[PDB]
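So you can see what is in the structure, the chains are spelled out below.
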Amino acid sequence: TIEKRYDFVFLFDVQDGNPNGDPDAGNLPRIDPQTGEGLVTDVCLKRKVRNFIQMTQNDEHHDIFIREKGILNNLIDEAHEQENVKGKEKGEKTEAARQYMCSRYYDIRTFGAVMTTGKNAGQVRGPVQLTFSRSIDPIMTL
DNA sequence: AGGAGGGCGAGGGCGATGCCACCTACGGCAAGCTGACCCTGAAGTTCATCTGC
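Structure determination for this PDB entry was carried out by cryo-EM, with a resolution of 3.0 Å recorded in the header.

This is the structure we're talking about:
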């Protein structure tokens with residue numbers, strides 16, 4: 001684990017596309033309606049981190065909490081099919097499954113993952129957290 | 001077009017729902033009368049009546 005509380009500003013651009021143009025309440029890039037400032041959802045940037053790590057790390061201890069063929073209950077059950085098959089005493093079983101999701105998956109280590117879904121792998125609060133990235137000036141949507 | 005529209009799990013926990021006394025006081029529950037008339041008796045004789053003379 002780390003020992004310093006890094007806090008950062010990420011300034012990223014978008015030139016000729018949707019930064020996070022999937023506000024399915026519509027489709028125009030996610031804007032702040034009262035300012036017109038764009039709102040790249042922090043989950044969009046987290047999915048970008050997921051995709052980068054998937055392209056690059058592509059290893060155990062750096063798994064991604066993956067795309068479409070990533071039905072989450074299946075991945076979470078893969079935590080309950082290991083050292084904590086059943087011998088972890090549900091209160092500790094969830095903790096151990098959560099620990100395995102951390103160690104194995106780079107995303108649950110970096111960000112979190114609501115995993116209390118199938119054989120509940122607990123909640124990870126995501127040491128690294130991004131916030132809704134908003135544009136400094138209001139974005140015009142071409 | 002084709003999207004996906006929640007997944008999860010919690011929705012009480014705790015104790016208390018009574019404490020206190022009282023649930024009667026007072027007095028009267030009668031008054032006044034009546035509770036029966038009437039007869040019907042034994043024993044004997046009289047007296048009116050009947051039968052027989």
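Trainee: Mind showing me how you'd approach the pattern of salt bridges here?
Mentor: Within the structure shown, the criterion is met by nine salt bridges. A salt bridge links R5 to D7, with the nearest nitrogen and oxygen atoms 2.6 Å apart. On the accessibility criterion, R5 (72% relative accessible area) is exposed. Note that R104 and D63 form a salt bridge whose closest N and O atoms lie 2.7 Å from each other. Residue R104 is located in helix α3 (residues 90-104), and its partner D63 is located in the loop between α1 (42-56) and α2 (72-79); the two are separated by 41 residues in the primary sequence. Exposure remark for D63: the relative accessible area of 14% places this residue in the buried category.

Trainee: What am I meant to see in unusual backbone geometry here?
Mentor: Trans peptide bonds make up most of the peptide bonds, and negative phi angles are found at most residues other than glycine. In this structure, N58 takes a positive phi of about 40 degrees despite not being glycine. You can see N58 is positioned in the loop between α1 and α2. In the Ramachandran plot, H61 falls in the positive-phi region, its phi being about 70 degrees despite a non-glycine side chain. Looking at where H61 falls in the secondary structure, it is placed in the loop between α1 and α2.

Cut-offs applied
Residues numbered from 1 in each chain as written, not as in the entry; some residues may be left out. Chains lettered and ligands numbered in written order. Part of a larger assembly, values for the part shown. Heavy atoms only, no water. Salt bridge = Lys/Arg side-chain N within 4 Å of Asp/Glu carboxyl O. Buried < 20%, exposed > 50% of the residue type's maximum accessible area, 1.4 Å probe, protein only. Helix = DSSP H or I, 4+ residues; strand = E, 2+ residues; numbered from the N terminus.

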